[PDB]
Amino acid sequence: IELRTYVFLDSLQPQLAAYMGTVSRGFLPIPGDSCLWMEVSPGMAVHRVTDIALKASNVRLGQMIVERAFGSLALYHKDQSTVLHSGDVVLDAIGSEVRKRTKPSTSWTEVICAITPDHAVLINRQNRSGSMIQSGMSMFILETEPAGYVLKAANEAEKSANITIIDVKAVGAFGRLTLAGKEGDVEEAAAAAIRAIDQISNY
């Protein structure tokens, strides 16, 4: 069982936790809670991995995707120590470490300004779990592989600017991140999302 992804979030920002509070089909997150995202292979082995992590401590399970190529899942708990413990118990159980993860890589990233009404409606109707985007409101879009690392980009984005979380897809082969706001805030938050990706790209 190899480690394809591994991303720890010190503290879920307000809008970040609120978003994953919507999508999560299990235990719900809260602002301040630590989070642990992990993809592995085979994907069916994520059931065994879910058992171990929950057996290790008081961590809770929020998400659990199970494909054949790989399986993802997220853990929540206010205390960073509790979540990090279960995380290191899973790796020490599958002969793996944090750096054995697959290095992230950006494939697309841009800032479209003054979005039109029509564009905003399709952004708001097609599988959106974030907030509403308005016309005249810029937007930052990002794609990454492995997909999990998009969460790291979203947490630093809000932590470093006043923008609006519109959507955060972290499940699958690739990921997606949509933000919005005045061009100033969106460009300062966009450069912060990519900077967060460059940190993992240097391990």
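Just count from 1 along the sequence shown to find any residue number.
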What stretch has the higher average Cα B-factor here, 56-64 or 163-171? 163-171
Determine, for stretches 16-24 and 191-199, which one has the higher mean CA B-factor as deposited. 191-199
Quiz for you: based on the deposited Cα B-factor, which of 30, 69, 157, 137 is highest? 69
Among all modelled residues of this chain, ranked by Cα B factor, put residue 144 in the bottom, middle or top third, i.e. lowest, middle or highest. highest
What third of its chain's C-alpha B-factors does residue 153 belong to: lowest, middle or highest? highest
Sorting the chain's modelled residues by C-alpha B-factor and splitting them into thirds places residue 49 in the middle
For the chain shown, is the CA B-factor of residue 35 in the lowest, middle or highest third of its modelled residues? lowest
Cα B factor band for residue 103 (lowest, middle or highest third within the chain): highest
